[PDB]
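What follows is a single chain, given as structure tokens, in the form deposited in one PDB entry.
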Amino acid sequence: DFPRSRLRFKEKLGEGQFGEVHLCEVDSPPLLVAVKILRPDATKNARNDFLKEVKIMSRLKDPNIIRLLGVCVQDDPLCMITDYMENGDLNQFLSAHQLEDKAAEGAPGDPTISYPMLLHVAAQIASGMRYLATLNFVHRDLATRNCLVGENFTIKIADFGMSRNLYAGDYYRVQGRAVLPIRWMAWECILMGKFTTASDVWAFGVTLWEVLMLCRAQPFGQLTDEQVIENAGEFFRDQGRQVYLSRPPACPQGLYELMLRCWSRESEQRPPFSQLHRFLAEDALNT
């Protein structure tokens, strides 16, 4: 347990599910960490959710998953301490880049990104998801808005919840029901509301689509929420009328066919993360 008195709060980094995240400095053995604390309006229910989030995160020990560095001492107000990811949100990060025209033509720091770097980003996500699958842990909300970027394009999977204003349009809300990220959801999750490792694979396919789009458009962006939900009914009925995300400009056909396998009607035909990682790290380099 880490004494709260060793922390110096510096700036607000954003909201989390049941708290708010601040950049902090630590003097003891100028190190920067990210610290989540309870929101100023926190109730008994928020505190309970916060304590359970600490327990969930203590399960997670992988280079491409966020890690809990410590918690505050029992007498202190509740805090969670994690790595400060210098480049922040992956969706906002990729939105600030464009695909390079000629390979290895720019100066260091140019706002461009290469096709092999897009594969490196997606491979790291697949490796973190492979790890969660070995714990039989189901994420339930994989998307670029829930991934973080550190130095040298290192990627960690995280989970900031479904209540942030910046991504409100990514969730479907009906009074009295669970909030749903429908444009990332497998057809069986839309229809029956339960989540599995195989539906995490489907969401990974959408996340991979996002990366190759450089986060320039929402999945199914020209269709309404109601049409996205009806599309799940067309997967169920299986009469060849369902529709899929289109091939991104940066995406060659061979990689697109892997994305299409993530969206198979049958869960067992979707590729495991071990095979998705191997394609992105090796086969995708082929000409």
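Position 1 is the first residue in the sequence shown; the rest follow in order. The term rigid core refers to the most C-alpha atoms you can superpose between the two forms while keeping them within 1.5 Å.
Not on display, but discussed next: the form deposited in another entry.
Enquirer: Once the two forms are fit on the core, has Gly19 moved its CA by at least 2 Å between the shown form and the other one?
Expert: Moves: yes, 2 Å or greater.
Enquirer: Taking 2 Å as the cut-off, check whether the CA of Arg39 shifts that much or more between the shown form and the other one after a rigid core fit.
Expert: Yes; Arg39 is a residue whose C-alpha shifts (by 2 Å or more) between the shown form and the other one when the cores are overlaid.
Enquirer: Taking the rigid core as reference, does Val174 move its C-alpha 2 Å or further between the shown form and the other one?
Expert: Passes the 2 Å threshold, so yes.
Enquirer: Indicate closer or farther: the Cα atoms of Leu191 and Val174, in the other entry, relative to the displayed form, with a change of 3 Å or more.
Expert: Relative to the shown form, the pair is closer.
Enquirer: Knowing the Cα distance between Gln175 and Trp187 changes 3 Å or more in the other entry, does it shrink or grow relative to here?
Expert: Their C-alpha distance shrinks by at least 3 Å in the other entry.
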